[PDB]
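First the structure, in the form of structure tokens, and then the observations on it.
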Amino acid sequence: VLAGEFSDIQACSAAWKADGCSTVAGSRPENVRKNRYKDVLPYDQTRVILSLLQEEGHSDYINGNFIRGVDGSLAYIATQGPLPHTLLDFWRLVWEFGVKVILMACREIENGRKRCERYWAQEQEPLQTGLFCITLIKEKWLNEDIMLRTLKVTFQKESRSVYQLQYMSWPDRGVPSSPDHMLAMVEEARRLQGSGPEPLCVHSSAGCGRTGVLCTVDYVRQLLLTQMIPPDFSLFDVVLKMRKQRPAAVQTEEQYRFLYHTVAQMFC
Amino acid sequence: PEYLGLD
């Protein structure tokens, strides 16, 4: 049943690609090297467009897409784990859109390969990326699987606080080592986010499966906490819409099943 | 260099 539903979801994604969900910007010769993976490009229709430092001739491109939230606002930015040479673009994104919380679902190294560059911290070790200065104010464990880093970010004489939550043990294609710790991540993200329309920044290595699982869980939790559930509410519909905004948002049958069980638990 | 090989 769930396996049939997820298969239907993949059929629709395949159809969208054949029909022409476009990927022109991501395919520009000036942009190709900014993609972590050749097979994961952001859809033009929902891609994140960077205008910070425009006047200086900086490119508008980053491999990342907006995903709409329960209220129809632009509630998430789903993006890849930054590369050595797109760290500056990552911070441009965080700064332009007033991001207060970053959720990271991957590690720097997975399966022996580099999966995401460190863009934060560390203790007594500030990070300078272009005109950005990142300083580690404090860090601590939210729980055994999640680090919470409090960052001071400085750009053009202005300073902001940005929080980063990193989940340590969630493999690509699969599910988190602790489902309760994942929910605690989302809960703490929301506490830090507070009120305010700024999007949450969510990323994994590719910005697909683990990223989409997180966004979906927050989406449904927000629905549960803030709105009346539509009498025809459907997880199929939600995930389908997610995939329409970010490629392979929810990448795998396993993750789709995980989502269903998690959502049913949240509803109770 | 691919992430969605099996997906």
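Anything in region A:28-59 that is surrounded by fewer than 13 Cβ atoms within 10 Å (Cβ to Cβ) and either within 14 Å of chain B (Cβ to nearest Cβ) or closer than 21 Å to residue B:3 by Cα (or both)? List them, or say none.
A:28, A:29, A:32, A:33, A:38
Just one of the numbered conditions (1) more than 16 Å from residue A:30 (Cα to Cα); (2) not in a loop (DSSP other than H, G, I, E, B) is not true of residue A:89; which one?
(1)
Could you look through region A:60-71, keep only residues that are away from chain B (no Cβ under 14 Å), under 26 Å from residue A:222 (Cβ atoms) and not basic (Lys, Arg), and pick out the one that is surrounded by the fewest Cβ atoms within 10 Å (Cβ to Cβ)? If you could, list the steps in order and put the result at the bottom.
Here is the first cut: in region A:60-71, the ones away from chain B (no Cβ under 14 Å) are A:60-62, A:64-71.
Then keep just the ones that are under 26 Å from residue A:222 (Cβ atoms); that gives A:62, A:64-71.
Remaining after also requiring not basic (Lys, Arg): A:62, A:64-67, A:69-71.
On the way: A:62: 26, A:64: 28, A:65: 24, A:66: 23, A:67: 26, A:69: 19, A:70: 17, A:71: 11.
Filtering region A:60-71 for residues that are away from chain B (no Cβ under 14 Å), under 26 Å from residue A:222 (Cβ atoms) and not basic (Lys, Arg), the one surrounded by the fewest Cβ atoms within 10 Å (Cβ to Cβ) comes out as A:71.
For the subset of region A:193-233 comprising residues that are among the hydroxyl-bearing types (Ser, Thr, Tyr) and touching a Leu at 6+ places or on another chain (Cβ under 9 Å), which member is surrounded by the most Cβ atoms within 10 Å (Cβ to Cβ)?
A:211
For region A:188-217: of the residues being of a type in the set (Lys, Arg) and more than 14 Å from every other protein chain (Cβ to nearest Cβ), which is farthest from residue A:76 (Cα to Cα)? Steps first, answer last, please.
First, the residues of region A:188-217 that are of a type in the set (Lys, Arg): A:190-191, A:210.
Filter again for more than 14 Å from every other protein chain (Cβ to nearest Cβ), leaving A:190-191.
Working: A:190: 12, A:191: 16 Å.
Across region A:188-217, the extreme among qualifying residues is A:191.
State yes or no: is residue A:180 outside any strand (DSSP E or B), within 14 Å of another protein chain (Cβ to nearest Cβ) and acidic (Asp, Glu)? Spell out how you get there, then give the answer.
On the way: outside any strand (DSSP E or B): yes; within 14 Å of another protein chain (Cβ to nearest Cβ): no; acidic (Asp, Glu): yes.
Here the answer is no, as residue A:180 does not meet what is asked.
Just checking, how many residues over region A:118-148 are under 17 Å from the mean Cα position of the chain (by Cα) and surrounded by 17 or more Cβ atoms within 10 Å (Cβ to Cβ)?
The first filter runs over region A:118-148 and keeps only residues under 17 Å from the mean Cα position of the chain (by Cα), leaving A:118-120, A:146-148.
Checking which are surrounded by 17 or more Cβ atoms within 10 Å (Cβ to Cβ) leaves us with A:119-120, A:146-148.
Adding up the residues that qualify gives 5.
Within the bounds of region A:75-84, is there any residue that is outside any strand (DSSP E or B), within 14 Å of chain B (Cβ to nearest Cβ) and over 23 Å from residue A:174 (Cβ atoms)? Before the answer, list the steps.
To start, the set of residues in region A:75-84 that are outside any strand (DSSP E or B) comprises A:75, A:80-84.
From what is left, the residues that are within 14 Å of chain B (Cβ to nearest Cβ) are A:80-81, A:83.
Remaining after also requiring over 23 Å from residue A:174 (Cβ atoms): A:83.
Scanning region A:75-84, I find at least one residue that is outside any strand (DSSP E or B), within 14 Å of chain B (Cβ to nearest Cβ) and over 23 Å from residue A:174 (Cβ atoms), so the answer is yes.
Can you tell me how many residues in region A:5-36 are part of a helix (DSSP H, G or I) and within 18 Å of residue A:238 (Cα to Cα)?
Of region A:5-36, the ones part of a helix (DSSP H, G or I) are A:5-19, A:24-27, A:32-34.
If we keep only those that are within 18 Å of residue A:238 (Cα to Cα) too, we end up with A:5-16.
Within region A:5-36, residues that are part of a helix (DSSP H, G or I) and within 18 Å of residue A:238 (Cα to Cα) number 12.
Yes/no matrix, rows are residues, columns are (1) in contact with an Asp or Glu (Cβ under 6 Å, 6 or more places away or on another chain); (2) more than 18 Å from residue A:251 (Cα to Cα):
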| residue | (1), (2) |
| --- | --- |
| A:36 | no, no |
| A:58 | no, yes |
| A:73 | no, yes |
| A:95 | no, yes |
| A:98 | yes, yes |
| A:105 | no, no |
| A:112 | no, yes |
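Scan region A:240-247 and give yes if some residue there is of a type in the set (A, V, I, L, M) and either outside any helix (DSSP H, G or I) or within 14 Å of chain B (Cβ to nearest Cβ) (or both), otherwise no.
Going residue by residue through region A:240-247, those that are of a type in the set (A, V, I, L, M) are A:240, A:242.
Now drop any that are not either outside any helix (DSSP H, G or I) or within 14 Å of chain B (Cβ to nearest Cβ) (or both), which leaves none.
No: region A:240-247 contains no residue that is of a type in the set (A, V, I, L, M) and either outside any helix (DSSP H, G or I) or within 14 Å of chain B (Cβ to nearest Cβ) (or both).
With ideal geometry, Cβ positions are generated from the backbone for all residues, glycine too; neighbour counts draw on all protein chains shown. Where a number appears in this text, it was derived from the coordinates with a stated rule and is not lab data.
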